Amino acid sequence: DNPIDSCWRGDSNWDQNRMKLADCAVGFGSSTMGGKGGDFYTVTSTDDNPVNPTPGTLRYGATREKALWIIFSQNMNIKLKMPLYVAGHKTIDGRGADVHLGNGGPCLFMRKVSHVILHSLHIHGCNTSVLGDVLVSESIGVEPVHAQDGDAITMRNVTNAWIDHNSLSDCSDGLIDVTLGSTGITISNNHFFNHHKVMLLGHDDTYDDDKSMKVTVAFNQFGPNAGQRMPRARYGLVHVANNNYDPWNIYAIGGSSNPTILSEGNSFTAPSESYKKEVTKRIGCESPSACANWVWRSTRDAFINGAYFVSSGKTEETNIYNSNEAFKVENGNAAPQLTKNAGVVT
């Protein structure tokens, strides 16, 4: 499979050992524990009461202060009534069921929390929410939440989070939004498809405190019919490794305000159009001379149908991970094989 999946699918049956998953994260979110150590929590109901969630529902388990490993008793299409804020030390684990979130309602939000694993969920059709009260968490209580974008997954001031093996498509705004000082995150093994604006890492050209953001994007399937922002980064550092890209609509990888982008072992298949062959897109350059300072590297990438990556900065060996984070990246010709199981586990 790949270095992540090999760790919990090689000599383990996940159904009888679900928390082994938490030992297998790589990249900057490798310290993510999720609800490891906590109790298992089973979702038995599809209901949602935003201000007073009841036992058995997704929002009740997701808002508890204690560590919980959330699983689902049956296939479920869940339509939330308000943004779901997920507390820290939580895993939402869709293995063993067909779980679909969104469906015209708002989706998943994390704000000022750590140690969250989101795994093997389908999220699609997320929509703009309405201003209103919400139980942010058991400990925080009910608070007004402004109207939010229809993003599938939103992280604000989050550290140590792992988004893995989800199937993410067709939302009104973004699929993954990472902002405001978030860092220590791995986004891996996901399938992103049928969606224009995929992934935003750093939200404004104003917020330079995102300079400390570190994010790993690995073993994802981007497409078909994914438009752009895969990722779009600002200010911080993103390692984009062993992902597989179908033809994009505008560009594949881009950014503004001097992000560091380390592209390694990706496979890029360009659309037919001449003006869409370039994988990269720099936004907001002050001058070619200035934009030439940004360190955007392409290492052992593979290019199909005329795709190309415009590099900037000098060549160097990837040296960004400690021993708890490091993992092997293969040549881009291997990316289709390494991503064959992207998306939910079955």
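The first residue of the shown sequence is 1; numbering continues from there.
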query: Higher-scoring stretch by recorded Cα B factor average, 138-146 or 95-103; finding: 138-146
query: Average Cα temperature factor in the PDB entry - higher stretch of 284-292, 22-30; finding: 284-292
query: Out of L180, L84, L118, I187, highest CA B-factor residue; finding: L180
query: Largest Cα B-factor, entry values, listed residues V217, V130, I71, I176; finding: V130
query: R59 - which third its CA temperature factor falls in, relative to the rest of the chain; finding: lowest
query: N75 CA temperature factor, ranked by third within the chain; finding: highest
query: Lowest, middle or highest third - CA B-factor, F268; finding: lowest
query: Where the record places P53 (Cα B-factor, split into thirds across the chain); finding: middle
query: Ranked against its chain, the third holding the CA B-factor of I250; finding: highest
